[PDB]
């Protein structure tokens, strides 16, 4: 029940390169469903509009007009709406959609965007935050979403979705950027489970890495209040990174995307695991070629990778990176800054300062040998 879009149209418009000129149109594919996700789609429509402001002709506004009509022809139940948009919404449309969502708790909306539109201009940032604040889930389109869009909205003729190169690289950059803009906070239980520095008797291997950037201004380190969030490692996926991507590598990918100048910058990261050998070798390689950027790496635990991890940590120290185990100081900072604590002060786990001292000694042992 969709007049599908040309496959040539989809490939050029849903290309998720974060910086991409020449696309003057916003494409919005949408579905309507019931409370039950398993059920079939009630309706589906495609909307297009030009980017520059005669803003009531953006596809977000056209959906609102169509949806009001469509609602008055259907019975009142709970509806789940999904958008695939080539560009994130403008400041005006975000308000108008936020307006809509408040007057209608029967409707919940999830927005998958391919690219972030003007993610560096603070107008469009508030547009996204206002939209999430009004209840809308806001995610970046990934392979599964691009393929699902190709299936339902594109005149593919049975031809399969074929991803472009650098699709996961772009998803990485855009997801972290959205996390920064929306100020995604870590779940408080998640932080405690992964940053407790007692010996790891558990089976879950995942790495969470918090990051912040400061600039040297006069003799003070001034926070770049725009570049701080957290990220975790990418599970292996044939439709993404086939061998996974460790959190240290995704963090290295972000730094060039920030477009930092030649000034003095200090990038601080708090990782639940010390890097393995290959990740530490890439980080050392980085500060090697960027001596205007210093790098402070605090780790909650030392990752024994059953390999050359001790050599990687030494390589990291010899090349200018600060390497230290997190003490109570850092654990409280991460709690207060990156966790969805909601007032609660930092509640230390048992043996924090003791495990912290023990790891600090073991880390020195690695570096002085």
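Residue numbers count along the first chain shown, from 1. Between two forms, the rigid core is defined as the largest C-alpha subset superposing within 1.5 Å.
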>> Superpose by the rigid core and compare 189-197 with 104-112; which one moves more, by C-alpha RMS, in 4 other deposited structures of this protein?
In response: 104-112
> Relative to this form, superposed by the core, which stretch has the greater CA RMS in 4 other deposited structures of this protein: 94-102 or 242-250?
Replying inline: 94-102
>> On mean Cα temperature factor in this entry, is 196-204 or 272-280 the higher one?
In response: 196-204
> Which wins on mean Cα temperature factor, 172-180 or 213-221?
Replying inline: 213-221
>> Per the entry's Cα B factor values, which of 226, 147, 86, 233 stands out as the maximum?
In response: 226
> Whose C-alpha has the highest temperature factor in the PDB entry: 112, 191, 100, 153?
Replying inline: 100
>> Ranking every modelled residue in this chain by its Cα temperature factor as given in the entry, which third contains residue 187?
In response: middle
> What third of its chain, lowest, middle or highest, does the C-alpha temperature factor of residue 55 fall into?
Replying inline: highest
> C-alpha B factor of residue 329, ranked within the chain: lowest, middle or highest third?
Replying inline: middle
>> Sorting by Cα B-factor within the chain, modelled residues only, which third would residue 143 end up in: lowest, middle or highest?
In response: middle
> Considering only modelled residues of the same chain, in which third does the CA B-factor of residue 63 rank: lowest, middle or highest?
Replying inline: middle
